[PDB]
C-alpha cells in the first residue's frame, strides 16, 4: 500500500475537513509525537520502536480526525502496538503509569474512567487503519548505512551523524514521514547537517568534484526536494 501524500493532501486531512485550522492540527501532531517519544524513552525503548509508533500516529490521523479520537490516547495505543511489532513489548499498565506521570490530570482525562480499556479498544480500529502493514523502515538504518561509506575526518563525520540523528528526531513531529521515504529523509538530514556545519560532503565520496553526492545512495532525487525537507525542519527552530 501507498503511505505517501502530497502537500495539497496534507492541507485536507480529516481534521482539516471538520473545521480544525492547520495551525492547531500541526500542534497536535507535534504534541502527539513528542508524547510517544517521551513516554517510550522513559520506558527505555529502542529508537526504531519509538519511530514506528509515531509513524502509526501520523498515519492514523490521515484517516481519522482529532475531534473523534484524543491524541494522547491514540499516541499511547501507537506505542503499545509498536512494542509488540518490534519485539520490544511493554505492558499496557506500564505505559499508562508513565503517561499519567508526564501528562497533566486534565490532559490525562482523555483516557476516561478506564485508561486501559480505552487503549485496548482503540487497538482494533488502529490495526484496520494501518491496514495491518506493520513493517516500517526509518531513516536511522539508512543514515548509518550511507555515512558508514564516507571516508575522511572521523570527527567531522561523527559530528555530521549525531547532528543528522537529532534532525531525524525533530522530523518525527512533522508530516515528513508522510511525504518522503526514509531513504530520502536520511539523505535530507545529511544535506542539512552538511550546510550548517559548513562541510562539503562530496569530498568524502568516491567522486570529490561531483556536487550531487547522494546519487550513489538514492536515485532520481532533485535538490529542491532536499531543500523542501530542510525548510520544514528549520521551521521547528524559528518558532
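Numbering follows the first chain given and starts at 1.
- Stretches 111-119 and 84-92 differ in mean C-alpha B factor, with the higher average recorded for 111-119.
- The question of which stretch, 152-160 or 125-133, has the higher mean Cα B factor is settled in favour of 152-160.
- For the set 202, 49, 65, 174, the maximum C-alpha B-factor listed in the entry falls on 202.
- Placement of the Cα temperature factor of residue 29 within the chain: middle third of the modelled residues, per the deposited record.
- Ranked against the other modelled residues of its chain, the C-alpha B-factor of residue 69 as given in the entry falls in the middle third.
- Ranked within its chain, residue 193 lands in the middle third, by CA B factor from the PDB record.
- The deposited CA B-factor of residue 209 belongs to the highest third of values across its chain.
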